[PDB]
Every structure is written in structure tokens, then in C-alpha cells.
Amino acid sequence: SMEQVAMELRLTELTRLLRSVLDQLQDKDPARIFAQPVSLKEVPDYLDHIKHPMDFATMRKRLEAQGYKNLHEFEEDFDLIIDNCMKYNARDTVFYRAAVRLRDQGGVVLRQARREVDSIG
Ligand code: NA
């Protein structure tokens, strides 16, 4: 149907805007602390601590399969990145501090993205 195509054009355009959002979020992590999944070879206990791991490469794979139907879904995954790190790592660590900074800086980007998704529909 024609509706299904228009819908698909909206998903596709949302994917366009989310890709740009992702790239901007990833730039607030120049250290690349959040680029890849936590290695279970190097942190073998990780899944005892963290039930839903997340990282920017895993978000990107989902994005490119058009797996985010709305901004809310995308923000859930970004929040997992931050929130997982702030639980596993102590407050005095470079990891914890990197998550705080990402969250703060990410906030601005996400604030405007929400306006764009509402505005453009
Ligand atoms: Na903790």
C-alpha cells in the first residue's frame, strides 16, 4: 500500500535524524569509553551486574536496521549506556566520570532532537 510506503518514509527520515543525533552524542565521548560492548572476556562477571548491556556500536546496528520506531526507544538505549556505567563503576573512576559528562552534554542534543521529532512530525 501507499500508506505503508509513507510510514516507511517517516521511519526512514526518523532514522536520518537519529543517525545525526547518534553522531553528535558519540562526539561527546572522544575517549571512546562507550564505543563498543563491554568485553565479557575482560569483565567475565559483567552480566551478574548489568542485565541489559549497551554501547554505541550496538545502537548503530539497531539504527541501521531501522529498529528505533520513536525517539523514546533511542533515548532508552542511550540511558542504558550511561546508567550501566554509573552502576558498575565507582564514583571516583574515569569511567563513571565519563558517563556523567556524556549525560550532561547529551542532554542538550536530546532536548533539541525531541523538538525536531515533534516539529517535523
Ligand atoms: Na556502583
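Residues numbered from 1 in each chain as written, not as in the entry; some residues may be left out. Heavy atoms only, no water. Residues with missing side-chain atoms left out of burial classes, pairs and counts.

Student: Just checking my understanding: could you explain the nonpolar core for this structure?
Tutor: Soluble globular proteins tend to bury their nonpolar side chains together. Of all hydrophobic cores here, the largest spans 26 residues; its most connected members are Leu 25, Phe 34, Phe 56, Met 59, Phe 74 and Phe 78. Broken down by secondary-structure element, the contributors of at least two residues to this core are α1 (2–27), α3 (56–64), α4 (71–88) and α5 (94–120). With eight residues, the single largest contributor to this core is α5. Setting aside residues no more than four positions away along its own chain, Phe 74 makes contact with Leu 18, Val 21, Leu 22, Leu 25, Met 59, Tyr 68 and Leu 110. (Core = buried A, V, L, I, M, F, W, Y, C linked by side-chain atoms within 4.5 Å. Buried < 20%, exposed > 50% of the residue type's maximum accessible area, 1.4 Å probe, protein only. Helix = DSSP H or I, 4+ residues; strand = E, 2+ residues; numbered from the N terminus. Contact = heavy atoms within 4.5 Å.)

Student: Got a minute to help me understand the pattern of salt bridges in this structure?
Tutor: Oppositely charged side chains may form a pair once their charged atoms are brought near each other. Considering all chains together, one arrives at six salt bridges under this definition. We note a salt bridge from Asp 23 to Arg 60, for which the minimum N-O separation is 2.7 Å. Of this pair, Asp 23 sits in helix α1 while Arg 60 sits in helix α3; the two residues are 37 residues apart in sequence, bridging distant segments of the chain. For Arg 62, the salt bridge is made with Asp 77, and the minimal N-O distance between the two is 3.4 Å. Remark: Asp 77 occurs in helix α4 and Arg 62 occurs in helix α3; sequence separation between them is 15 residues. On the basis of relative accessibility, which here comes to 8%, the residue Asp 77 falls in the buried class. What you see here is one network of salt bridges that share partners, running through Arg 62, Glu 73 and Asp 77. (Salt bridge = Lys/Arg side-chain N within 4 Å of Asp/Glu carboxyl O.)

Student: Would you mind showing me how to read unusual backbone geometry here?
Tutor: Both trends apply: most residues other than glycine have a negative phi, and most peptide bonds are in trans. A positive phi angle, close to 60°, is found at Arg 32, a residue other than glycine. Here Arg 32 is to be found in the loop between α1 and α2 (46–49). For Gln 66, which is not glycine, the phi torsion reads 45° and is therefore positive. Residue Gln 66 is classed as partly exposed on the basis of its relative accessible area, which comes to 30%.

Student: How do you make sense of the environment of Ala 113 when you look at a structure like this?
Tutor: Its location among the elements puts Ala 113 in helix α5. Judged by relative accessible area, which is 1%, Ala 113 ranks as buried. As a C-alpha pair, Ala 113 and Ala 57 span 56 residues in sequence and 20 Å in three-dimensional space. With near-sequence residues (within four places) excluded, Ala 113 lies in contact with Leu 17, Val 21 and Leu 71.

Student: Help me out: how do you make sense of the packing of α1 against α4 in this one?
Tutor: Running from amino to carboxyl end, α1 crosses α4 at an angle of 20°, the nearest separation of the two axes being 12 Å. In terms of axis orientation, α1 runs roughly parallel to α4. Pair α1 / α4 crosses with right-handed handedness. Contacts between α1 and α4 pair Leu 18, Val 21, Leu 22 and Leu 25 from the former with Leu 71, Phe 74 and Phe 78 from the latter. (Axes fitted to C-alpha atoms, helices over the stretch in contact; angles between N-to-C directions. Parallel < 35°, antiparallel > 145°, perpendicular 65-115°, else oblique. Left-handed = near helix turned anticlockwise from the far one by under 90°.)

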